[PDB]
Amino acid sequence: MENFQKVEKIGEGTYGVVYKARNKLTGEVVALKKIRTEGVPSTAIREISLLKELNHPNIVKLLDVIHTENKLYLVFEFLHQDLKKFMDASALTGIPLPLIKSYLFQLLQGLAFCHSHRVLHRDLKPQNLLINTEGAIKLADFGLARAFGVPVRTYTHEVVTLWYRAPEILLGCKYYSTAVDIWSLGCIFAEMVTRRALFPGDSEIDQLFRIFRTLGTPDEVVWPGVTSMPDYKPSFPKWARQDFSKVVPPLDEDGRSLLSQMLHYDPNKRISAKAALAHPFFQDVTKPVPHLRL
Ligand SMILES: Nc1nc(Nc2ccccc2)sc1C(=O)c1cccnc1
């Protein structure tokens, strides 16, 4: 736009493109997300405009929403790096546990806030978590919900990452609960610790079976109602559960205990963000500053 002197492209989310841009008059640097559509509906702005009144230190601030010309531009405060890039940069040495703990704690604070205000993220992944030089981490790109996963991709031809998707979604549940966000965050937590994605599936069934191979194929005992799920098949292979000592070494018992509660199959048994903040794992939490190379 003529209002922004687009600096550079910084991403390709799942609904459009994200640019780093400067407000020619204010001189502010922001992240400008363009969204794709027979004139772009208006039943979205209502829930979008809501996200705008959702301010928390661990949530990327949505500054402006502009529909004009039937295109929809989202203007967010700009952060210099995402967690995916930081994880990659920290691959050889690993993110120090104290920083891993700080980030997890802040993200749970952010989710606790969203959830208490009936807002679900729905698509948490490293690329959607932003960090700054001050040690903060913030939730971004709330998948804007749109329709709980609809359409399905950006707008042209991109391969959506399934690695952080909760089992109930993969089994066809039509109504997501706040529990889906805790699952994704648990997966991210594991990844920061081991430096390898926990469940790197390449298709919906491979994603589901990677989960089953590690946590055991769910049954009515651990997940009441699972065999009645839309996409559940009695023909699913029956895998035995593995121990967390083997899944996220060398994370300590407090860490493993918290992770196990974030990864419970039954959405109803999965720990809430609020309850997770009280877990003994955070007894000694602090706020370290990351070594950010910008
Ligand atoms: N505010 C913000 N800053 C960002 N900064 C940034 C800096 C360096 C590399 C990549 C992103 S991204 C970003 C976003 O609101 C966002 C993120 C992911 C999908 N859609 C929108």
Side-chain angles (χ1 to χ4, degrees), residues 1-85 107 110-111 113-134 136-161 176 181 184 294:
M1 302 163 96
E2 299 292 307
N3 303 64
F4 297 109
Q5 55 192 67
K6 306 172 184 175
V7 177
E8 297 186 58
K9 177 191 292 187
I10 61 177
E12 170 59 14
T14 51
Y15 276 113
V17 183
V18 191
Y19 298 99
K20 176 177 190 175
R22 185 180 300 82
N23 183 298
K24 297 173 180 177
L25 68 146
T26 63
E28 60 190 292
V29 176
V30 302
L32 186 64
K33 186 170 193 167
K34 175 195 296 182
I35 301 294
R36 188 188 312 157
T37 297
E38 59 295 302
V40 184
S42 57
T43 62
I45 64 176
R46 50 198 186 184
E47 69 179 309
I48 293 299
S49 295
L50 293 185
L51 295 176
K52 186 161 54 185
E53 274 66 76
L54 203 62
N55 304 310
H56 183 279
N58 297 120
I59 296 179
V60 180
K61 186 188 177 176
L62 171 59
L63 311 176
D64 305 296
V65 56
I66 302 77
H67 187 183
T68 72
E69 285 58 62
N70 307 291
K71 304 176 180 183
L72 193 58
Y73 284 107
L74 291 185
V75 187
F76 296 98
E77 62 168 309
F78 178 84
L79 271 88
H80 285 73
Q81 194 157 291
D82 63 44
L83 187 64
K84 186 177 185 303
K85 296 188 191 62
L107 293 171
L111 283 186
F113 183 83
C114 289
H115 293 171
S116 64
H117 287 68
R118 317 202 74 179
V119 169
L120 283 57
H121 181 107
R122 315 153 185 289
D123 194 36
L124 288 172
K125 48 192 180 187
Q127 179 178 303
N128 288 350
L129 303 175
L130 313 171
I131 60 177
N132 63 23
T133 58
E134 308 272 293
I137 183 168
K138 304 187 187 204
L139 298 164
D141 179 355
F142 278 69
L144 294 314
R146 198 60 175 291
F148 286 61
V150 184
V152 63
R153 303 184 178 186
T154 58
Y155 65 117
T156 52
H157 42 294
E158 179 52 57
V159 190
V160 47
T161 291
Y176 303 178
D181 292 335
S184 309
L294 305 176

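Only heavy atoms go into these numbers, but all of them, side chains included; no hydrogens, no water, no symmetry mates. The first residue of the sequence shown is numbered 1, and numbering continues consecutively from there.
Of all non-hydrogen atoms in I59 and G110, the two that sit nearest each other are CD1-O, 4.1 Å. In terms of heavy-atom proximity, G16 sits nearest to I35 at N-CD1, 4.3 Å. Among all heavy-atom pairs drawn from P151 and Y15, the shortest one is CD-CE2, 3.5 Å. The two residues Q127 and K84 come nearest to each other via the heavy atoms N-CB, 3.9 Å. Taking each heavy atom of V60 and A140 in turn, the nearest pair found is CG2-CB, 3.6 Å. Shown here for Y176 and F148, the closest heavy-atom pair between the two residues is OH-O, 2.8 Å.
Within the model, atoms OG1 of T161 and CG of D123 stand 8.5 Å from one another, a figure rounded to the nearest 0.5 Å. Distance check, rounded to the nearest 0.5 Å: CG of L130 to CG of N58 gives 11.5 Å. Rounding to the nearest 0.5 Å gives a distance of 9.5 Å between NE2 of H56 and NE2 of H117. Atom CG of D141 and atom CZ of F76 lie 7.0 Å apart (nearest 0.5 Å). We find the CZ-CG distance between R122 and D181 to be 8.0 Å, quoted to the nearest 0.5 Å. Atoms CZ and OG1, on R36 and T154 in that order, are 7.5 Å from each other to the nearest 0.5 Å.
The shortest distance between side-chain heavy atoms of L144 and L51 falls below 4.5 Å. Between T37 and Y155, every side-chain heavy-atom pair lies at or beyond the 4.5 Å cut-off. No side-chain heavy atom of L74 sits under 4.5 Å from any side-chain heavy atom of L32. Side chains of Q81 and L294 form a contact here, defined as non-hydrogen atoms less than 4.5 Å apart. Proximity of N23 to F4: side-chain heavy atoms (C-beta onward) are separated by under 4.5 Å at one or more points. Taking the side chain as every heavy atom from C-beta outward, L129 and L107 approach each other to under 4.5 Å. Taking the side chain as every heavy atom from C-beta outward, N128 and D82 never approach each other to under 4.5 Å. Contact check for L54 versus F113: side-chain heavy atoms found under the 4.5 Å cut-off.
Without hydrogens or angle criteria, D64 side chain to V75 main chain gives no donor-acceptor distance under 3.5 Å.
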What do the steps show when you test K9 against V17 for side-chain contact (heavy atoms from CB on, under 4.5 Å), and what is the final call?
CA-CA 8 Å; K9 177 191 292 187; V17 183; 3.9 Å; yes
Start with the C-alpha gap between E158 and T14, add the side-chain angles, then the distance that decides, and say whether side-chain contact (heavy atoms from CB on, under 4.5 Å) holds.
CA-CA 8 Å; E158 179 52 57; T14 51; over 6 Å; no
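Heavy atoms from other residues, nucleotides or ligands lying under 6.0 Å from CD of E53 number more than 12. For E2, the CD atom counts as loosely surrounded, since its 6.0 Å shell holds 12 or fewer non-hydrogen atoms of other residues, nucleotides or ligands.
For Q5, the side-chain contact (heavy atoms from CB on, under 4.5 Å) criterion is met by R22, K24, not counting sequence neighbours.
Screening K20, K138, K52 for a salt bridge (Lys or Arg N to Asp or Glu O under 4.0 Å) with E77, the sole residue that qualifies is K138.
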